[PDB]
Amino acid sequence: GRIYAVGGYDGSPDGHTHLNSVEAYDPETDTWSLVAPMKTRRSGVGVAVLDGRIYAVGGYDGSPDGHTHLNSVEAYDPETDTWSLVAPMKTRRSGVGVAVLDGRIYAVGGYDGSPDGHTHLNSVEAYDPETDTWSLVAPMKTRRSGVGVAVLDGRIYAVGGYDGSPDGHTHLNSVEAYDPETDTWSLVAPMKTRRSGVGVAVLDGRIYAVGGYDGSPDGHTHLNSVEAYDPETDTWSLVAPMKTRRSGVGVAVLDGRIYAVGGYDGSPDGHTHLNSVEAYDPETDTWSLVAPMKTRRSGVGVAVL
């Protein structure tokens, strides 16, 4: 019943660090509270909940010492308020999308290190907690980091993202769905807007794509816009926009609302790394700010436990 905000990058003047800290939001009281920190600093981290534990998967740490792209994974036990390392992924993945499907954690895309910079990934792996092992599954058609991942009706949707490889668009409006029965990805209808660093969540049978960055020629815009996908019609439609523009935003569903947590606002004026949090109600089609986090977090992972 709480939203956990995990890691991120606090680029604000007073923080200037990739984060190991964690905080939890209680909707009854409208408070954010301390949680035990992770062992590892991680921004661009994927987070999901499985069998009563939160998993923090991969991420990035720009500090010059040690690996900057992470394959490590840790699990939070709320009963002891402790984190423990579990098996690492086969691939280091920054800006990775993570979701839970049928008792497995899926890690989708991201970027790894290359001799010339970073390599954007189409590969996907899945974690079984019982054996503590990662296995490879089919890759996506498109390489995507900063990709939003959500599960609807037994399929994983990979929404938007950033493809830094040669050829093709860089900021993605495309969407592809993974069918576990056949271990294949298939394209579905693209979004109206290209969105790298997009947050997604599923509420009442629709996928919501929240915020992001449209770096395409007519854009160069940090987005407050939001769109929703209806799988019955295979169509995307705009809904009400957020109060604040946010890329690298964490999105979670709690108590019938979508929460947009943190992120990065590159528009003029106002803070750049965000501690603010807002909640969307589909019935009234409105967004409202709630209490802010104690720490500003771009590239934050969020999950509900």
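In this text, residue numbers run from 1 along the sequence as written.
- For the pair 93 to 101 and 107 to 115, the mean B factor over Cα atoms is greater in 107 to 115.
- In this crystal structure, the stretch out of 137 to 145 and 229 to 237 whose C-alpha atoms carry the higher mean B factor is 229 to 237.
- Between the residues 37, 44, 262, 52, the entry's highest C-alpha temperature factor is the one at 52.
- Ranking 85, 158, 172, 209 by the C-alpha B-factor listed in the PDB entry places 85 at the top.
- Among all modelled residues in its chain, residue 279 ranks in the lowest third by Cα B-factor.
- Compared with the other modelled residues of the chain, the Cα B-factor recorded for residue 24 ranks in the lowest third.
- In the PDB entry, a CA B factor belonging to the lowest third of its chain's modelled residues is recorded for residue 199.
- The PDB entry assigns residue 252 a C-alpha temperature factor belonging to the highest third of its chain's modelled residues.
- Residue-level temperature factors show residue 246 in the lowest third of its chain, judged at the C-alpha atom.
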